[PDB]
Structures are given as C-alpha cells and as structure tokens.
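So this first bit is one chain, no partners, the form deposited in one PDB entry, shown in structure tokens.
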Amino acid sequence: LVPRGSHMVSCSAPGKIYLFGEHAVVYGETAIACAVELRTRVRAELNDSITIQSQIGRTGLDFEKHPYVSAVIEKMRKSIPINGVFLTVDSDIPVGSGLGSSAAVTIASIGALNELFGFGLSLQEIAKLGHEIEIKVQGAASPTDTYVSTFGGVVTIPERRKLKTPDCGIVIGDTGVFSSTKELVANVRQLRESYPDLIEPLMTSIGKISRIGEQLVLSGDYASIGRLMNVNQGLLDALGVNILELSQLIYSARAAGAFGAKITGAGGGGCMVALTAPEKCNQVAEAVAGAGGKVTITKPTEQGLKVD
C-alpha cells in the first residue's frame, strides 16, 4: 500500500446520548445508545518532540493538563516508538456531560496515532484500548462510552448490536447545574437498598423499555420512541435523579412538539435531550432556549471513529 508516513492525519470521534436505559446497565439491564454529530477531532503531525495543543494550551507530555492524550501516547509508544508528534485537539462536545467528551478525545487520539504511525489497529482493538485508557486515567471505567464512540450509530447495550439510525433532530439542553455522577449512582443504589422489592422491579421496567424500543427503532416509529422516552424520564424521576431545571427544559421541549424528552446521563443537573422531527428541531431548540437552557442542536451520526 501507498506510503503515508509523513501524511498529516486527522481523526474524529462522536459523543452520544441514551435513547433509553441509562442508570440501568450496572443492574444487568438492556439500554440503547445513540452517537451524535458532536465530535472531538485530533490532527497528528510528524514532529521532533511531543507537543499537544488544545483549547487549554500547548504542552509537552503533560499528564495534568492533557491526561487522556498523554496516557494514549504513553501506552501506545510501548508498542511502537513515537519519537515525536504534534497533536492538535478541538471538540464540539459540551464541556462536561454524559455525552462522552473524555471517550471521544481518547478514541480520536488513538485513531490519529494509529494512522500516522501505522499500528494497524482494528476498530475493536481501538475500543478496547480506549477503555483501558479511561481505566488508567479515572481509576475505574465502563467500556460503554469508548465502544459507542468507536463504532457510532445506534448501539444496544451490552449486546452491542447495531440498529438502524433514526432520521430525527436531537436537541440537547444544558441546565447549567453541576452534578456528581458518583453521588447520583450512590443515591440510586441507596434508595435501592432501603426498598429493594420496590426499586429492583423499576430497573426491570427501564430494561423493558429498551426491548420494546429496539423494535420501534427498526420500524422508524419515532413518535412511539418519544412516548417511551417520556415514560423512562418518569422512572428516572422516581429514582431520585431529576431536578426542577431538568423538568423545566423537558416540559418546554415537549410543549414545542418534541417526540419525547428526557434526562441524558447521570441527572441531578447537566443535560436533557429531546428527539424531534427534523422540521421541528429549530422550534424545540428555541423553546428550550426561551426557558433558559444552553442549547446544542445536533442529529444521530452513522459513523463512529473516522479518518476525516
């Protein structure tokens, strides 16, 4: 094959929302993720030393300001030497939120170095490597985020089967309220401990939504996907992870015609998501904006990691 050893290479990897079933996976259940068109992009250039540039600054190998890129380099250079590289990182995935910001930079960086230095990694090896980098950086991590970012589209969890991509707009509304992903996993579990006979069946019912929903994703019945999303949001409210500002955004989106709307990610703050007809995306976005949410307008993405 054609040498490309000096070719500047850019890779991108998407963030993701949950159609159903966040919070339920740890307790054995099925969920359905959808990658979206908000990407982190990483361009890799041959260089005499290691330089990493992003909105945070220009560094060398710096595990404090550039933890993920730095960990990727540290791990891959054990296989094939990396004498030098200039990496430039830019992201359209909103700073913090279950949308997969650290998984996207991890996967894009692996992609870009894979290409530039010829590691010949397949997508499955990339996903597993990414998972490994998040463990190294965070202490402990679920493989789901790096897998969805790698392969893109709609993915059932944890069987990892690809479902047809819906032709819908996605509005993300950020409440601007901070919450700890650990503290909320901690409270779901606790309420679960105090009333086991009540809370266990609820996770079971969220699991059921994905099984019903799989079938609606296949037939493109977005109106029913939306009705289920709404049911799932109510189950999340029963689990204790909703707040007033999330309901505020959710109810505006629904009133403006969204198929459905729900928390995406851990809850307690952060973002909600609305699934809309493409021709109604703007109107839902304006209603969420009107209500004070920080709005991003996006759509599902068919591809995961890609050489741009």
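Here the rigid core means the biggest group of C-alpha atoms that line up within 1.5 Å when the two forms are laid on top of each other. Residue numbers run from 1 along the displayed sequence.
One more form of this protein should be noted, the form solved in complex with a small molecule, which is absent from this view; the next part is about it.
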4.5 angstroms heavy atom contact with the small molecule in the bound PDB entry for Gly260: no
With the partner left out here, check for me: in the bound PDB entry, does some heavy atom of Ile50 sit within 4.5 Å of the small molecule? no
Any chance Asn187 has a heavy atom within 4.5 Å of the small molecule in the bound PDB entry? no
Hey, in the bound PDB entry, is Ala266 touching the small molecule, heavy atoms inside 4.5 Å? yes
Exactly one listed stretch (199-207, 147-155, 164-172, 97-105) reaches within 4.5 angstroms of the small molecule in the bound PDB entry by non-hydrogen atoms, and it is 97-105
Answer key: of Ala287, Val25, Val9, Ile297, within 4.5 Å of the small molecule in the bound PDB entry (heavy atoms) is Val25
Among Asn230, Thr88, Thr181, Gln215, which has at least one heavy atom within 4.5 Å of the small molecule in the bound PDB entry? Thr181
On a rigid core superposition, would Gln248 pass a 2 Å threshold for CA movement between the shown form and the other one? no
Large Cα move at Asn47 between the shown form and the other one, threshold 2 Å, rigid core: yes
